[PDB]
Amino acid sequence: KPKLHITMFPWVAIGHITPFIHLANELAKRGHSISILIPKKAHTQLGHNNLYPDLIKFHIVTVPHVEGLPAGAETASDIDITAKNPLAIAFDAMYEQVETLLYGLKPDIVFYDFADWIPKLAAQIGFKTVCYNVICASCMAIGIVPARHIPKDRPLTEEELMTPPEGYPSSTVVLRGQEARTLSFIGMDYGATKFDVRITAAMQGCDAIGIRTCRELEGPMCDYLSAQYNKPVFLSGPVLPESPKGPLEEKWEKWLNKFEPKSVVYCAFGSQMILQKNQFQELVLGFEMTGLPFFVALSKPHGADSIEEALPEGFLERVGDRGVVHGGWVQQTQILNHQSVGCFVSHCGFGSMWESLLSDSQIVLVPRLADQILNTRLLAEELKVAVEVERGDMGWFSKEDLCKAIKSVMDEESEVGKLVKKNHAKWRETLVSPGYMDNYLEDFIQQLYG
């Protein structure tokens, strides 16, 4: 059969564009032609990521200036929350450029997420569509689904956000009372329409729903979504990029080598999150309390001159060589693979979650966003491969709760540590077995053909 030509049109945020590029590389690796339509700044930012330049082509789309849009703003990273609606309205206004490009490109299949109008173009130009979602299936399933009723005129109440929709498959993968605000985005105003109206049309318009997940983790959610929207659900798999090769930085390798195997606690909260100073101080003190060696790589809190200035007084001298607090970017995958590292404290962001699952380190989760919480519930509560830190009203976490969670996994005495480790081993050796990722890619491509 001939290779497919697929055009991708993602929402204008780095967190959306990058996974599409990851999918595009896996598809082009199998010989399909991919055209990706993105703003100029994102292309300059992410242009090196193209691994198959003959097959993968970038086409620049101009972001129209509209009332309220800051000058030079093309992506979600450029704007603060005040400009949310104008960016969305600017995103909707590139309909007519996208129509012009698609007429020339003539793709077999178009991938989109937030552009609910693309199916209108599918009927006009004649192409199939996949609604491809980088975020968790549970988020979609618990949030914007026909079973849940969302009022047009008023926001959802906290109890409405807390209560899962009728037929929702899990009692475990649920939000609590204080975490409801994390789901309030589903009904938020997003340009001309509210977000749930936009997503509902995107899901109903597509030929198929695409989810960046695997059945073993999220099978019940995908079926619920398939029943709810009466659409086939295609699972690409996680589509994890090849993790960085080359030697780990020698200073870190030397410092880690001072410690015993599996004895070091590594902490990182992804590339986006920046903690507030009081939470930052509370976190480092929690690590100090454990008495174990710790390596924490975190951005300094906003407006702080340095990591040291943000630190609580006397912290450095007491810790000595036990711990490192580092303001810079680090080779996370190489550090996790180091023999000295035995525990990973993360926010359960998508990349960190999969790296934790693939690693042999103990998993401790401090989620902030709604997906991180739901994925934390899956890992800690449903699968019991991890423990979750208890958290306060704003998501705030105390040093005692963080210390107790780390100790619960790290001590050889602790029964919970043995239990999560045994469960973690069983999932890992499913997840790392040869062909597991590739089977998802192949079946996904085969589903595109249907």
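The first residue of the shown sequence is 1; numbering continues from there.
Novice: On average, are the C-alpha B-factors higher in 316-324 or in 217-225?
Specialist: For C-alpha atoms only, the mean B-factor is higher in 316-324.
Novice: Out of 135-143 and 199-207, which one has CA B-factors that are higher on average in the deposited record?
Specialist: Looking at the recorded C-alpha B-factors, 135-143 comes out higher on average.
Novice: For the listed residues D371, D92, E288, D108, which one has the largest C-alpha B-factor as given in the deposited model?
Specialist: Spelled out: the listed residue with the top C-alpha B-factor is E288.
Novice: If you check the C-alpha B-factor for each of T129, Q276, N85, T376 in the entry, which is highest?
Specialist: It is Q276.
Novice: Taking the entry's C-alpha B-factors for this chain, is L431 in the lowest, middle or highest third?
Specialist: Within its chain, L431 is a highest-third residue by C-alpha B-factor, going by the deposited values.
Novice: Would you please rank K258 by its C-alpha temperature factor against the other modelled residues of its chain and give the third it falls in: lowest, middle or highest?
Specialist: For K258, the deposited C-alpha B-factor lands in the highest third.
Novice: Looking at the C-alpha B-factor of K57, is it in the lowest, middle or highest third of its chain?
Specialist: It falls in the bottom third of the chain.
Novice: Comparing against every modelled residue in the chain, figure out the third that the C-alpha B-factor of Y190 lands in (lowest, middle or highest).
Specialist: Middle third.
Novice: When the deposited Cα B-factors of this chain's modelled residues are ordered and cut into thirds, is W329 in the lowest, the middle or the highest one?
Specialist: Within its chain, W329 is a highest-third residue by C-alpha B-factor, going by the deposited values.
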